[PDB]
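As stored in final_7.pdb (PDB, C-alpha atoms):
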```
ATOM      1  CA  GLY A3848       4.695  10.503  27.956  1.00  0.00           C
ATOM      2  CA  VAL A3849       3.056   8.405  25.221  1.00  0.00           C
ATOM      3  CA  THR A3850       3.464   4.642  25.562  1.00  0.00           C
ATOM      4  CA  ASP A3851       1.098   2.944  23.105  1.00  0.00           C
ATOM      5  CA  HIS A3852       2.660   2.539  19.678  1.00  0.00           C
ATOM      6  CA  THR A3853      -0.453   3.204  17.565  1.00  0.00           C
ATOM      7  CA  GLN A3854      -1.069   6.589  19.203  1.00  0.00           C
ATOM      8  CA  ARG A3855       2.625   7.386  18.732  1.00  0.00           C
ATOM      9  CA  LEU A3856       2.331   6.457  15.046  1.00  0.00           C
ATOM     10  CA  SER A3857      -0.724   8.682  14.530  1.00  0.00           C
ATOM     11  CA  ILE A3858       0.972  11.575  16.357  1.00  0.00           C
ATOM     12  CA  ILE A3859       4.135  11.032  14.277  1.00  0.00           C
ATOM     13  CA  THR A3860       2.159  11.115  11.004  1.00  0.00           C
ATOM     14  CA  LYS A3861       0.154  14.237  11.898  1.00  0.00           C
ATOM     15  CA  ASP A3862       3.209  16.041  13.265  1.00  0.00           C
ATOM     16  CA  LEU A3863       5.213  15.036  10.181  1.00  0.00           C
ATOM     17  CA  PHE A3864       2.619  16.721   7.967  1.00  0.00           C
ATOM     18  CA  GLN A3865       2.455  19.793  10.223  1.00  0.00           C
ATOM     19  CA  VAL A3866       6.220  20.274  10.662  1.00  0.00           C
ATOM     20  CA  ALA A3867       6.897  19.659   6.956  1.00  0.00           C
ATOM     21  CA  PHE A3868       4.254  22.222   5.975  1.00  0.00           C
ATOM     22  CA  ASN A3869       5.573  24.764   8.495  1.00  0.00           C
ATOM     23  CA  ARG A3870       9.238  24.440   7.529  1.00  0.00           C
ATOM     24  CA  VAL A3871       8.398  24.547   3.817  1.00  0.00           C
ATOM     25  CA  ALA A3872       5.832  27.361   3.882  1.00  0.00           C
ATOM     26  CA  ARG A3873       7.908  29.699   6.049  1.00  0.00           C
ATOM     27  CA  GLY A3874      10.278  30.086   3.096  1.00  0.00           C
ATOM     28  CA  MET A3875       7.557  30.306   0.493  1.00  0.00           C
ATOM     29  CA  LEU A3876       5.280  32.916  -1.083  1.00  0.00           C
ATOM     30  CA  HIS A3877       1.766  33.422   0.252  1.00  0.00           C
ATOM     31  CA  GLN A3878      -0.012  32.729  -3.046  1.00  0.00           C
ATOM     32  CA  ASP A3879       1.261  29.137  -3.018  1.00  0.00           C
ATOM     33  CA  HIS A3880       0.596  28.115   0.616  1.00  0.00           C
ATOM     34  CA  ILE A3881      -2.858  26.799  -0.289  1.00  0.00           C
ATOM     35  CA  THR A3882      -1.315  24.886  -3.221  1.00  0.00           C
ATOM     36  CA  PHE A3883       1.121  22.946  -1.033  1.00  0.00           C
ATOM     37  CA  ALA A3884      -1.651  22.480   1.539  1.00  0.00           C
ATOM     38  CA  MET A3885      -3.818  20.971  -1.213  1.00  0.00           C
ATOM     39  CA  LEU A3886      -0.961  18.693  -2.289  1.00  0.00           C
ATOM     40  CA  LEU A3887      -0.441  17.458   1.277  1.00  0.00           C
ATOM     41  CA  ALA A3888      -4.214  17.021   1.623  1.00  0.00           C
ATOM     42  CA  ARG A3889      -4.303  14.827  -1.487  1.00  0.00           C
ATOM     43  CA  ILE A3890      -1.272  12.895  -0.190  1.00  0.00           C
ATOM     44  CA  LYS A3891      -3.035  12.209   3.120  1.00  0.00           C
ATOM     45  CA  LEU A3892      -6.172  11.293   1.149  1.00  0.00           C
ATOM     46  CA  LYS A3893      -4.081   8.707  -0.705  1.00  0.00           C
ATOM     47  CA  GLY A3894      -2.562   7.442   2.537  1.00  0.00           C
ATOM     48  CA  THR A3895      -5.754   6.916   4.521  1.00  0.00           C
ATOM     49  CA  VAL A3896      -7.970   3.841   4.318  1.00  0.00           C
ATOM     50  CA  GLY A3897     -11.677   3.289   3.746  1.00  0.00           C
ATOM     51  CA  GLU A3898     -11.914   5.917   1.002  1.00  0.00           C
ATOM     52  CA  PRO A3899     -12.164   5.719  -2.792  1.00  0.00           C
ATOM     53  CA  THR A3900      -9.229   6.946  -4.835  1.00  0.00           C
ATOM     54  CA  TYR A3901     -11.143  10.068  -6.067  1.00  0.00           C
ATOM     55  CA  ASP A3902      -9.246   9.866  -9.352  1.00  0.00           C
ATOM     56  CA  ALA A3903     -11.963  11.002 -11.771  1.00  0.00           C
ATOM     57  CA  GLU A3904     -13.254  13.731  -9.446  1.00  0.00           C
ATOM     58  CA  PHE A3905      -9.784  15.209  -8.979  1.00  0.00           C
ATOM     59  CA  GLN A3906      -9.272  14.838 -12.735  1.00  0.00           C
ATOM     60  CA  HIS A3907     -12.403  16.918 -13.317  1.00  0.00           C
ATOM     61  CA  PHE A3908     -11.131  19.407 -10.742  1.00  0.00           C
ATOM     62  CA  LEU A3909      -7.707  19.698 -12.406  1.00  0.00           C
ATOM     63  CA  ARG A3910      -8.267  19.182 -16.154  1.00  0.00           C
ATOM     64  CA  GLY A3911     -12.022  19.778 -16.155  1.00  0.00           C
ATOM     65  CA  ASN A3912     -11.611  22.545 -18.718  1.00  0.00           C
ATOM     66  CA  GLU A3913     -10.316  19.879 -21.141  1.00  0.00           C
ATOM     67  CA  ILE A3914     -13.929  18.780 -21.691  1.00  0.00           C
ATOM     68  CA  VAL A3915     -14.901  20.073 -25.133  1.00  0.00           C
ATOM     69  CA  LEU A3916     -18.374  21.565 -25.496  1.00  0.00           C
ATOM     70  CA  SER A3917     -20.140  20.971 -28.801  1.00  0.00           C
ATOM     71  CA  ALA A3918     -21.480  23.737 -31.043  1.00  0.00           C
ATOM     72  CA  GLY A3919     -24.698  24.929 -29.427  1.00  0.00           C
ATOM     73  CA  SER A3920     -24.730  22.031 -26.957  1.00  0.00           C
ATOM     74  CA  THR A3921     -25.571  24.276 -23.994  1.00  0.00           C
ATOM     75  CA  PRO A3922     -29.304  24.820 -23.382  1.00  0.00           C
ATOM     76  CA  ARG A3923     -30.719  27.891 -21.667  1.00  0.00           C
ATOM     77  CA  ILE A3924     -30.534  27.891 -17.858  1.00  0.00           C
ATOM     78  CA  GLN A3925     -32.075  30.725 -15.849  1.00  0.00           C
ATOM     79  CA  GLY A3926     -29.828  33.176 -14.027  1.00  0.00           C
ATOM     80  CA  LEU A3927     -26.499  31.707 -15.108  1.00  0.00           C
ATOM     81  CA  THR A3928     -24.247  33.545 -17.542  1.00  0.00           C
ATOM     82  CA  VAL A3929     -22.401  31.926 -20.457  1.00  0.00           C
ATOM     83  CA  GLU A3930     -19.332  30.973 -18.383  1.00  0.00           C
ATOM     84  CA  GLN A3931     -21.546  29.414 -15.720  1.00  0.00           C
ATOM     85  CA  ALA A3932     -23.511  27.651 -18.482  1.00  0.00           C
ATOM     86  CA  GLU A3933     -20.408  26.074 -20.022  1.00  0.00           C
ATOM     87  CA  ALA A3934     -19.188  25.238 -16.504  1.00  0.00           C
ATOM     88  CA  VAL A3935     -22.392  23.412 -15.569  1.00  0.00           C
ATOM     89  CA  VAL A3936     -22.547  21.523 -18.879  1.00  0.00           C
ATOM     90  CA  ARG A3937     -18.920  20.540 -18.294  1.00  0.00           C
ATOM     91  CA  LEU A3938     -19.726  19.383 -14.752  1.00  0.00           C
ATOM     92  CA  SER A3939     -22.764  17.450 -16.032  1.00  0.00           C
ATOM     93  CA  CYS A3940     -20.440  14.909 -17.699  1.00  0.00           C
ATOM     94  CA  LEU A3941     -19.570  13.578 -14.233  1.00  0.00           C
ATOM     95  CA  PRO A3942     -21.855  10.795 -12.919  1.00  0.00           C
ATOM     96  CA  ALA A3943     -22.257  12.534  -9.550  1.00  0.00           C
ATOM     97  CA  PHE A3944     -23.553  15.760 -11.133  1.00  0.00           C
ATOM     98  CA  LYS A3945     -25.531  14.200 -13.996  1.00  0.00           C
ATOM     99  CA  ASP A3946     -28.808  15.914 -13.020  1.00  0.00           C
ATOM    100  CA  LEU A3947     -27.193  19.295 -12.318  1.00  0.00           C
TER     101      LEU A3947
END
```

The structure given in the file should be rewritten as structure tokens.
Amino acid sequence: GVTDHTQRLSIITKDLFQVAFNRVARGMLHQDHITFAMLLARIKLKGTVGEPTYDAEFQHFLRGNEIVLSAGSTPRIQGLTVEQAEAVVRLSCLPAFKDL
């Protein structure tokens, strides 16, 4: 019942993502469903327009533990434990969270 081609294209793209996720994740363990959902989300983020590439932010999400903290570089922050302290001084390297 759909006649316009742009609406058909949008429906085809969304249904491609949905049917691919359904037919993959039915034969797949429940710990990894969110992983494939995240991969398809990043793929659709790449495909859409009007957005930045989010390369450095996803790099700090994936290999953000690769940031090396210096000896005694963490100051004292109230409430947070040592793991939260090293996490916030690792997040502070990003320009978006510079004043964290």

Original post:
Neighbours of stretch 3881-3890 of chain A within 12 Å (only C-alpha atoms; same-chain residues fewer than 3 positions away dropped), as a ChimeraX atom specification?
Top reply: /A:3860-3861,3863-3873,3875-3878,3893-3895,3898,3900-3902,3905,3909

Could the residues in this selection be saved with C-alpha atoms as an mmCIF file, in the coordinates of the input?
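Listing of selection33.cif after writing:
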```cif
data_model
loop_
_atom_site.group_PDB
_atom_site.id
_atom_site.type_symbol
_atom_site.label_atom_id
_atom_site.label_comp_id
_atom_site.auth_asym_id
_atom_site.auth_seq_id
_atom_site.Cartn_x
_atom_site.Cartn_y
_atom_site.Cartn_z
ATOM 1 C CA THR A 3860 2.159 11.115 11.004
ATOM 2 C CA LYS A 3861 0.154 14.237 11.898
ATOM 3 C CA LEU A 3863 5.213 15.036 10.181
ATOM 4 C CA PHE A 3864 2.619 16.721 7.967
ATOM 5 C CA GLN A 3865 2.455 19.793 10.223
ATOM 6 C CA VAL A 3866 6.220 20.274 10.662
ATOM 7 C CA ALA A 3867 6.897 19.659 6.956
ATOM 8 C CA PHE A 3868 4.254 22.222 5.975
ATOM 9 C CA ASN A 3869 5.573 24.764 8.495
ATOM 10 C CA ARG A 3870 9.238 24.440 7.529
ATOM 11 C CA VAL A 3871 8.398 24.547 3.817
ATOM 12 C CA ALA A 3872 5.832 27.361 3.882
ATOM 13 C CA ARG A 3873 7.908 29.699 6.049
ATOM 14 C CA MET A 3875 7.557 30.306 0.493
ATOM 15 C CA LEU A 3876 5.280 32.916 -1.083
ATOM 16 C CA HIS A 3877 1.766 33.422 0.252
ATOM 17 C CA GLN A 3878 -0.012 32.729 -3.046
ATOM 18 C CA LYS A 3893 -4.081 8.707 -0.705
ATOM 19 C CA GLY A 3894 -2.562 7.442 2.537
ATOM 20 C CA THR A 3895 -5.754 6.916 4.521
ATOM 21 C CA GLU A 3898 -11.914 5.917 1.002
ATOM 22 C CA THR A 3900 -9.229 6.946 -4.835
ATOM 23 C CA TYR A 3901 -11.143 10.068 -6.067
ATOM 24 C CA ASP A 3902 -9.246 9.866 -9.352
ATOM 25 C CA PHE A 3905 -9.784 15.209 -8.979
ATOM 26 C CA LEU A 3909 -7.707 19.698 -12.406
#
```

**OP:** Name the residues captured by the PyMOL selection byres ((chain A and resi 3940-3944) around 9) when it is applied to the shown file; answer as a PyMOL selection string.
**Re:** chain A and resi 3903-3904+3907+3914+3935-3939+3945-3947

Original post:
Expressed in Å to a single decimal, how great is the separation between atom CA of residue A:3897 and atom CA of residue A:3851?
Top reply: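 Atom CA of residue A:3851 lies at a distance of 23.2 Å from atom CA of residue A:3897.
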
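Using all atoms listed in the file, the contacts of residue A:3934 at a cut-off of 10 Å, with sequence neighbours closer than 5 positions omitted, comprise residues 3911, 3912, 3914, 3916, 3921, 3927, 3928, 3929 and 3939 of chain A.
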
Subject >> Length of the atom CA of residue A:3854 to atom CA of residue A:3880 vector [Å] >> reply: 28.5 Å

**OP:** For atom CA of residue A:3899 and atom CA of residue A:3933, quote the distance in Å rounded to one decimal.
**Re:**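 Between these atoms lies a distance of 27.9 Å.
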